[PDB]
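The chain that follows stands alone, in the form deposited in one PDB entry, written as structure tokens.
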């Protein structure tokens, strides 16, 4: 017997500046929606468009493939929540793909102990970028940070690796096991989630 309450587009994110996805939530305190429709227009155009893909982003999401995504151009979007008693519209949300970039975590974090003759020994960390980022053309630029700590230590040691995909750490405590994680951000944008940890035992003879 109630129309939907007022829905909210609460987040958008682009993982690679080539596609993006936005997510909404239904308002509490109205009735159950039976449909949502996300519409938008773009700065400098009058054409109104519907969300091009309601499936890929899962529940209550709009995903914009490559053919609907461009940088440097505001999207003005709105979602409505409808049922047989009526309808409710979100606030318009102003989004620029340029400012919502957050990559997925780096992949294949691997770690090794290296003990060279009379050069300082070291921990060798290596990893790869998330898939579907285009670094090779210079479209996308990725910066990385490593953190590592033994269990029960109160602080992580953080090392900024800039754009390298490998790094060397000196003077770890001999005999201690370390948890190592890597994360990445665009040149301009948000840090990814930390990768899952890799574990490494630093040998006694270090």
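Residues that one form lacks are left out of the comparison. Note that the rigid core is defined as the largest set of C-alphas that superpose within 1.5 Å between two forms. Positions refer to the first chain, counted from 1.
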> Of the two stretches 144-152 and 164-172, which shows the higher Cα B-factor on average in the entry?
Replying inline: 164-172
> Can you tell me which stretch has the higher mean Cα B-factor, 47-55 or 25-33?
Replying inline: 25-33
>> I'd like to know which of 78, 97, 81, 123 has the highest C-alpha temperature factor in the PDB entry.
In response: 123
>> For the CA B factor values reported in this entry, which option in 135, 71, 111, 101 has the top one?
In response: 111
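Keep in mind that the form deposited in another entry is not shown, yet the notes after this line are about it.
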>> Checking residue 44 here: with the core superposed, does its CA move 2 Å or more between the shown form and the other one?
In response: yes
> Where does the protein shift between the shown form and the other one, taking runs of 3+ residues with every CA moved 2 Å or more once the core is matched?
Replying inline: 2-6, 34-37, 44-53, 65-68, 80-83, 87-90, 116-122
